[PDB]
Structure formats: structure tokens, C-alpha cells
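Topology and contacts: notes
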Amino acid sequence: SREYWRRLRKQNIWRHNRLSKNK
Amino acid sequence: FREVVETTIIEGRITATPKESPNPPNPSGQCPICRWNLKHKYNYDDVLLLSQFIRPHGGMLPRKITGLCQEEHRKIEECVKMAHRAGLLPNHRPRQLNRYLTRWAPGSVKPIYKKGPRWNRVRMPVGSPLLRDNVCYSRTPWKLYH
Amino acid sequence: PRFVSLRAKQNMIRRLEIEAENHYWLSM
Amino acid sequence: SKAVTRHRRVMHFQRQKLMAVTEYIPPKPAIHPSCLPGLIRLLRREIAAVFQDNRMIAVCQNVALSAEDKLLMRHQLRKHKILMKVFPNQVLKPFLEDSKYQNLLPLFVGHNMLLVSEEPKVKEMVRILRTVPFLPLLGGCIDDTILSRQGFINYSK
Amino acid sequence: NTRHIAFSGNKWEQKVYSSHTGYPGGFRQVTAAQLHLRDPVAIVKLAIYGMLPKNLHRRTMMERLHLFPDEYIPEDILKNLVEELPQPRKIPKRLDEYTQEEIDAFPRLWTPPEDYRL
Amino acid sequence: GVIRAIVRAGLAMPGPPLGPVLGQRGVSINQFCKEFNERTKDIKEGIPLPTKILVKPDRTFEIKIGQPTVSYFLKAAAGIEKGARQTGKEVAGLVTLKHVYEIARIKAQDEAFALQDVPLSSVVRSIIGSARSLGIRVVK
Amino acid sequence: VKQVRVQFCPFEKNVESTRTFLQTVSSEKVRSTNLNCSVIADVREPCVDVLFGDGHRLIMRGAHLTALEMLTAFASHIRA
Amino acid sequence: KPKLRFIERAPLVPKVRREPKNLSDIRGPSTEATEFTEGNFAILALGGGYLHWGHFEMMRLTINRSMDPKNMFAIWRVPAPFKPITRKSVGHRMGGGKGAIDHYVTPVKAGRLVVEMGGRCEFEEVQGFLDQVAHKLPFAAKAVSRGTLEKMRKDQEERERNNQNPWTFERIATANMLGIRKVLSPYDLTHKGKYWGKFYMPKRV
RNA sequence: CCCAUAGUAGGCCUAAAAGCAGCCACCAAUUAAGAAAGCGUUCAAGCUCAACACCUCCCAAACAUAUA
Ligand SMILES: [Zn+2]
């Protein structure tokens, strides 16, 4: 549903945050 | 092509659009070089091919408009640089030492005051190595360093 | 420092070809 | 000199000739190969449900505002049962041909926000838009009839 | 016409002609462009002088070579010439020098978009 | 310009939460604590109340207010004066569903606080979402 | 700059050049910086009127034009 | 204990017998500890060299600095410095035996994994400080995942199967084609020409 | 290239440290912007990122084109 893909987007944003630490 | 006619009034007039010749000998190629069997068979000498990709003030056209390969866009971009400096494109001005085959910009290269020993000699670059894979009809390949 | 020309590679290669045919005729 | 050194030791010349003769040669084809030839259904079901819902529709270029100003527009149209919808036109161009909107295919591009409705407060929405000297009214379509902005003056009046 | 030479590549700006007046501190490196502005004979003259066999016939051979920088050759030398040798480089013509049928025979390769500015 | 604070109505003009943090745009904190005492009088006293205040370039005060906070609202309604520290496993206040629904009816009302959701689950999902991030167990 | 009368016909065939111009710089974003200018946008081959307060009248029929030429030409008359 | 434990300068039990510098502990492909063992990321050696104590402090120090112990653990694979490298006294003449033991060293051959990583971490997170670490090493090294390791080994199989060159080092050396074992090592029949000294040629098939 | 509101100045500790002094949860609203990945401030306020809407003096001379 809506909150499914919103949850998937928030986990992708967390992933990009954990990748952008050393940069 | 379209032009921007102005005088205060500014309008845009699509004027005298060309078209490519109706029979590519290699249809279902990709680049317009690739469509016409010209993958390695052009140089800076032939300006009828180079001039079709050039802005009328001498610069290159972008790769999306021409639809070239990436490889052939760097090759034509380099050959157009090497042909402006050999004076082969005289009418692509905005408004004297004779050269040809110049890789680098002529006002940017420091002279070789100490050419090295025979085992470490600083050579002079002639031509571009984007043009390695051309058809050489000699037996020796193109010497890119003089 | 000494470097390898095309003469030396072609010469080395034709010795390798004579060698490979020596390998063939010793195999029967 | 030792067999293991700190610098790369000079080879014997026939060692080096073997290394040059046994170099890697990559294969060359005769033709270069590069010179040869859930949320989406959430938008389809959601906005396709908005197609059957509305009797009247309108749209604008709602990119030209601030955040609290879009909050003011959101509350002043929250005062009506009209709804505003920021959604990509990338999926909306197949939406229109699905909903048999051939006069609405030249409408939806760029920055746009839907104003889907069943009750017209759109004259009073124009009364909110006349105090801001921008953000024009883009044409709508009530019950497969197109509304120009002159038709928004006529129908909204 | 040895003012009208044509180096290939950046040899006009990279190639260096070094001489030494024997005085200390008299080492003079001069690029090919600057030396071609000094004297428009000396690049072809030094090239030939380096090609010749390094012996005593070399300077008698250099006194057989007559270098002129322009179309102008003296009349006492014009009355001696026999054969004109072919130029070793084929001078590629420019876009002004292609005739119309030469341009028309080459195809336009690609359709430009109808709305693109140049 | 824009200024948003959490200045409590128990003390009008404290100092360091209003002195230097206002001392760049140029203020008169006597009017701010006067009108802020009007906001203290108009609602229940002894509470944190956020501001909206927009300092104009013509140098005038426009204090806009809505409901109380979410911190002392939930923690005081759960009777917690100093909240939990871990807030992942530790609990002090166990608040039922119907209490959260009863405070959520007077919640989706303001404009400056912009909790303007038309349904009820769109707001109780938010503040139960804040109840998971604090030390309050959602009973039933 | 004092006024821009930005005009287009979307009941007829659309032109996204002057509409993109209407979105990015005939918005309040530049007017958050440039307060004296007064846009007004009508809606019915497009047309952009520019009222210079001082001495000019800059009118652009941007049907075949693009947004970068219209914008940089506009700012070329802003620098004047 | 998800950090790098302290690596001592020299073990508690000493080594009283001096040792000859058998430099074939640098030469060639490593056998011990080439694969992962409950790891996901490592610092593979693209060449051989000697690790001192100060290298081990560069790795322990500059890894445990930038490391999340709640997200990442790490294991030494290379043991403590055990090879006693001697030096004679400074400015003294030759002879007189073999010099006294100066400092201990590990040998690391090529293809060795040095430091395994693990945990809830992606490769692109750990590329950074393992590339800084991989550049502070004495030998040429590289931060390598599991799928990048099998990626480049499958690449080496692709190179060994794609080359249109009829003459490889293996066919020439082992058959003694051009009489060429006069110039080659006996190790070049098993290194197959990809190792010269301590170095490694990845580009050479 | 854009583009950034709101529960909120997340709780506790901390003079306050608010995504950015530290612990822990890291839910949630619209269609969608992380209880926050870099500047930045005692603290703030302000700037970017992900995501939304368009998509002793150098040292052969030289030379890239004719079939090995
Ligand atoms: Zn192609």
C-alpha cells in the first residue's frame, strides 16, 4: 500500500545515509 | 534548423531543415558513423565528414543531437580540434605557423629543453591515440610519437 | 633498460612455431 | 642481487621477450557489440478512482508558491470538498488515454496539481487567485466537456 | 617557400634548437617557432644538415643546397633548374577548396532535429 | 524573520531562552512577555506553549498560538514530570486507547501547528507514533 | 524591470518554453529577491510582454524559442 | 569483542636461534588464509611483503578509529610478528657473525587476506578506511568483498579462456619450448609467470 | 537542474544543547523530505544531501598515409 512504499523509501534513505558517512 | 530573429522583438523561425541521405548502406547500425560504414575510415583530412557535426562557429555539437556513439563522438571531437588547427575549417570563425596533426592546444605546451637519454626520451606527440584503430594500409602502424 | 621490438617478437614467434612442429613429429 | 628485492628486478632479456610474446590478446569481434542492437499500480488504482469520482476537474501550475503559502491554499481549498493532487504526469499521460480523454492529452505536462471536485467553489478559488498576480487557471473538463478559462468564467460565474 | 614549412603536431612549440656560443653561460636553446622567425631557412637547413653523412663531404654538400624562403628564386638559379621534384606530403584541401560536386557527392549523414538552434 | 521556540507560560521573560536568541533581529521582550502573558491568561497556565512569531522587517510582533505541546501534553496527561530516558523498553505511563482518542478530538484543529488531517487515524497514528517513541504504553 | 505580461494559449497547442519560463522565474522565487517587478499571467503564438520602466518595450513571441534563450536574453536586457 | 585486539611487538616466549631470511616466504601465491571464514570483507594482498609492528598499529589504530562496533566486527588473519629480523650494529665492519635480533616481522604473501570484516555493513561503507589502510600497507593491497573476490577470480578464468594468443607462459615454460628454462626459475613452472620476485601481475594472463 | 512543510525545540542527561555534546527509539502526516549524511551556531536561526513535482652544452637528423 501507501505506507509499504513509504517504508521502502525510508529504508532506502537510511541506506544512503549509512553510505554517505565517509563522504 | 531554427534561428532566433530579433530587433524590441524576439521570435523564433524554423528555417531550411536538412535531412540525411535516404539509403544508409548499414541500416540498423547505431551511430551515423556506424550506419555508413565509417567506423575507422575517417581522419582529420576529410572535412566533408567533420563539418556536419560542427556548430557554424566552430564548436562541436552535443552527443544527443547527433546521436553518435560515445567513441565516435570523442573521435570526431578530437578530429575537429585537429582540423581547426590545420586551417582546414576557415569559415567556422566567430566573426602564422602551419600545423597539422596537433594533439594539444598550441598555446599550452612547454618546449622540451632536456629531451631524455635514449632509454627515457621525451617524445613529441603527433596525432591522437583516439585514431589508433583506423585502417592503416601501410605495414608499419601510425607512429603517434615523434 | 632494454625493450622488445617487433623484430624480436616475430623472430621469437617463428622459433616457437618450429618448436611446436617438433613437438608434433615426436608424438608418434 | 637477491631473488626477492625491494624494487622490481630487471629481467633477463629472453625472460622479457617471453613476457612480451606471451602477452594477453583480447578477442576482437568483426563488429563492435555496442554498434549492434506496486507504487505504479497504486497510482493507477488511486488516480483511476479519482477519474470516476469527480464530475468537474481543474488544474493549475502550482509550483510557484512557498510552503506555508501552499498550506494557505491547502486550507482555503480544504474549506471546500475540492481536492488538490501533486502527481507525476509520467503516469498521467497513459491515464488520459485509458480514461478516453483525447482532448485532454494536450493538457498535462510540466508542474501541475489536480483540483478534482464535485461542487464548484472554483469562482471563489479564482477570487483567491486574483489577489496573486500569477498562477493561471489551466483548462479543465467537466463530464467529458472541456473547460477553457473563459468557460471557467462562464461556469464558475 | 621555406617560410611555409609545416611541422606536424606541436613541434613548432616543443622542438628545441640548442646552440652554444663557446662563452660561459652562452647556452642558447631556441624553439622551432622562434628560430623560424629569426631566419626562415634554418629549419630546413638544419634538417638537411643533420640528414647528411657526418663527414667532410657534408659541407660541400651543403654548398650545393640553395634555400629560399619565398616564391622568389634568383634568375641565375632559375636558368639552371631541370626537374621539379614532387612534394612528399599531399596537402589536404580545406572546405573552401572542395568544389560543389565534391561536397554534393558526400552524403549528409544524420538528420538534425527540426527545432535545434545552432 | 521566522522564530520558533518552546517558551513556557510559567515564566514570561526568563533570560537565556529569550535574551541572546532574540538579540539579533532587535526585540522588545517586555511586549513579548506582555502579549505572551495574554497567551498565558487565555489558556490553562503553567504549561509549555510554542510560538509562531514572525518578526517583520517593519519591526512588529505577531504572536500566533495553537494547542499545547506533545511533550508535556502526553507526559502530563500520563502524570510524568520528568520522562523516561531509554524510551525503548522503559515505561512509566500506561495510557489507554480511549484517552488518546479523547485528546485527539481536540487535536486536529490548528493552522499554525498544521495538524489538519480530515480523518482521525491520520492523527492518532501520528501521536501513538509519538507514544511509541516515549515511555507510554498504548493500553488496549 | 517593472512588469511582465506573460501570455499563452493552452486551449490551442501548448508551448512549454514560456510555461517553463512562467514556472522557474515568473514565480515568487525571483520576486522574493526582485520586488519591483510585477508579473501578470493570462491564459486563453504565446507572447511575453516586458515593460521596462525606463525606456524600452521588450516583446517576445516564444513559440519556437527555448527557455534558456528567453531567460538569458531576458537577463541580457536586465543588465542592459 | 568486535574490535582488533592488540598485536604485540614480539611474543612472550622469545626466539633464541637466529634465522636466515628465507625470502620465499614473500614469493608466490599464498596458501594459508586465502578464503573468507565468517567474514564478508577483507584487505587482500596483491603482492607480498613484511609487516612490522608499526603496520599492525596502523591497521588496529586507523581501523578501530573509524569502525562501528555495534555494526561491524573484525578479525586478524595474519599472526603476530614471529620472524626475527636482525641488524648489525650501526657503522661496523662485515663479518663477526650474524647480527643481533632487531625486530620481529610477519611475512605476507600475495593472495593473503589480512583483516576480515563482518556484520551489518555494506561494501561501499567499508571501502573508504580499508582503502586508506590498504594504501598504508608496505605491499600493494586492495579492499575486497566476497563477491568482488569471486568476481575477479572469474575474471581471471575469462582471461585464461578468451585470449587469442596461442603462446602462453604455461605452454612455453613447462614444455621447455625455446630452451627457456635456462632463464626461468624452477618456481616459474608453478607460479606460471604471474609472480616476479615478490610482486604480482594481475593483468598478465 | 531542482527542492525541502509538519507531530517537534523527539524524550532523558544537560544552564539549553533541538537531526546535528552523548544514550536510546528511530513511528508518523499529506503525494512526499531521514527523529537525519556533510557546514553552521553556547544553544538557536540559518546553508547543502537523500526524497518529492520536468525527466661545462639538449643531445642522431627526422618522420603519424604506397600493400611485408
Ligand atoms: Zn556505431
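Residues numbered from 1 in each chain as written, not as in the entry; some residues may be left out. Chains lettered and ligands numbered in written order. Part of a larger assembly, values for the part shown. Heavy atoms only, no water.

For this deposited structure, the header cites cryo-EM as the method used and 3.03 Å as the resolution.

As annotated in the PDB entry, chain G is 39S ribosomal protein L53, mitochondrial from Homo sapiens. Per the PDB header, the title for this entry is "Structure of a native assembly intermediate of the human mitochondrial ribosome with unfolded interfacial rRNA". Taken verbatim from the UniProt record of chain G, the Subcellular location comment is "Mitochondrion". According to the UniProt record, the Sequence similarities comment for chain G is "Belongs to the mitochondrion-specific ribosomal protein mL53 family." (UniProt positions renumbered as here; feature names shortened; annotations may be inferred.)

Looking at the PDB entry, one finds chain D named 39S ribosomal protein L10, mitochondrial, with Homo sapiens as its source organism. Its UniProt record, at the heading Subcellular location, says of chain D: "Mitochondrion".

Let's shift gears to the layout of surface pockets. Here the second largest pocket defines a volume of roughly 1000 Å³. Forming the walls of the second largest pocket are 28 residues, and the residues nearest its centre are A:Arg2, A:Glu3, A:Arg6, D:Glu46 and F:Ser122. Within the residue set of the lining of the second largest pocket, elements represented by two or more residues are α1 (2–19) of chain A, α2 (39–53), α3 (67–76) and β2 (83–86) of chain D together with α4 (121–132) of chain F. Partitioned by chemical class, the residues of the lining of the second largest pocket number 13 nonpolar, 4 polar and 11 charged. (1 Å grid on protein atoms, 1.4 Å probe; cavity = no way out; pocket = protein on both sides within 12 Å on 5 of 7 lines; lining within 4 Å. Points joined across faces, edges and corners; volume = space filled by probe spheres on them. Helix = DSSP H or I, 4+ residues; strand = E, 2+ residues; numbered from the N terminus. Nonpolar A, V, L, I, M, F, W, Y, C, P; charged D, E, K, R; others polar.)

This part is about the coordination of the zinc ion. Within the protein, B:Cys31 (SG), B:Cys69 (SG) and D:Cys35 (SG) serve as the donor atoms for the zinc ion, at 2.1 to 2.5 Å. A residue pair is termed long-range when its members are at least 10 positions apart, and B:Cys31 in the loop between β2 (9–14) and α1 (47–50) and B:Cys69 in the loop between α2 (63–66) and α3 (70–84) qualify at 38 residues. A relative accessible area of 13% means that B:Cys69 is categorised as buried. (Donors = N, O, S within 2.8 Å, 3.2 Å for Na, K, Ca; no water. Buried < 20%, exposed > 50% of the residue type's maximum accessible area, 1.4 Å probe, protein only.)

Attention now moves to the interface of chain B and chain D. Bring the parts together and some accessible area is lost; that lost area is often taken as the interface size. In this assembly, 7 residues from chain B lie in contact with 6 residues from chain D. For the pair chain B and chain D, the summed buried surface comes to about 380 Å²; carbon and sulfur atoms form 59% of the total. Its largest share of buried area at the contact with chain D, chain B owes to B:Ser28, B:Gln30 and B:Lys39, together 77% of the area lost on that side. Here chain B and chain D share 0 salt bridges between them. (Contact = heavy atoms within 4.5 Å. Buried area = accessible area lost by both parts, 1.4 Å probe. Salt bridge = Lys/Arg side-chain N within 4 Å of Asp/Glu carboxyl O.)

Another point: the environment of H:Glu150. Relative to the helices and strands, H:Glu150 is located in helix α3 (residues 147–162). Between the alpha carbons of H:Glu150 and H:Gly128 there is a distance of 21 Å; along the sequence they are 22 residues apart.

On to the sheet that holds strand β3 (residues 113–116) of chain D. On the basis of which strands lie adjacent, the open sheet formed by 3 strands has the order β1-β3-β2 (chain D) and antiparallel pairing. Here the strands that pair on one side only, and so sit at the sheet edges, are β1 (59–60) and β2 of chain D. (Pairing = 2+ DSSP bridges.)

A separate point is the packing of helix α3 (residues 97–104) of chain F against α4(F). Residues and elements named next belong to chain F. Packing of α3 against α4 brings their axes to within 10 Å, and their N-to-C directions diverge by 120°. With respect to α4, the element α3 is oriented oblique. Classified by chirality, the crossing of α4 by α3 is right-handed. Residue-level contacts link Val100, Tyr101, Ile103 and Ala104 of α3 to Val124, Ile127 and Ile128 of α4. Considered class by class, the residues forming the contact of α3 with α4 number 7 nonpolar, no polar and no charged. (Axes fitted to C-alpha atoms, helices over the stretch in contact; angles between N-to-C directions. Parallel < 35°, antiparallel > 145°, perpendicular 65-115°, else oblique. Left-handed = near helix turned anticlockwise from the far one by under 90°.)

This part covers a negative patch on the surface. All names here are of chain H. Taken together, the side chains of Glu157, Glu158, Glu160 and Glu170 define an acidic patch exposed on the protein surface. Here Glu160 lies in helix α3. What makes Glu160 partly exposed here is its relative accessible area of 42%. (Patch = residues over 30% accessible without salt bridge, like charges linked within 9 Å, V, L, I, M, F, W, Y side chains within 5 Å. Areas by Shrake-Rupley, 256 points an atom, 1.4 Å probe, with all protein chains shown as cover. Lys, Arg positive; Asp, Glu negative; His and termini not counted. Charge placed at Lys NZ, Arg CZ, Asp CG, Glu CD.)

Time to look at the pattern of salt bridges. Under the counting rule described, the total for this entry stands at 23 salt bridges over all chains. Measuring nitrogen to oxygen at the nearest pair gives 3.2 Å for the salt bridge that ties H:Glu125 to A:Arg18. Taken as a pair, H:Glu125 in helix α2 (residues 123–136) and A:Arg18 in helix α1 lie in two separate chains rather than in one. With its nearest N and O atoms 3.0 Å apart, the salt bridge here joins B:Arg74 to B:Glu71. A residue pair is termed a helical-turn pair when its members lie 3 or 4 positions apart in one helix, as B:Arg74 and B:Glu71 do in helix α3 at 3 residues. One salt-bridge network, held together by shared partners, links A:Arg18, H:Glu122 and H:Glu125.

For the rest of this paragraph, the subject is the packing of aromatic side chains. For the coordinates displayed, the defined rule picks out 13 aromatic pairs over all chains. Ring centres 5.9 Å apart and planes at 10° place the aromatic pair B:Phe53 and E:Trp110 in the stacked group. A residue pair is termed interchain when its members come from two chains, as with B:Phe53 in the loop between α1 and α2 and E:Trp110 in the segment after α6 (100–105). Looking at E:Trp110, the relative accessible area reads 6%, which means it is buried. Where H:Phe56 meets H:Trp76, the ring centres are 5.0 Å apart and the plane angle is 80°; that geometry is what we call edge-to-face. Remark: H:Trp76 occurs in strand β3 (residues 72–76) and H:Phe56 occurs in helix α1 (residues 53–65); sequence separation between them is 20 residues. (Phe/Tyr/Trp six-rings, centres within 6.5 Å; stacked < 30°, edge-to-face > 60°.)

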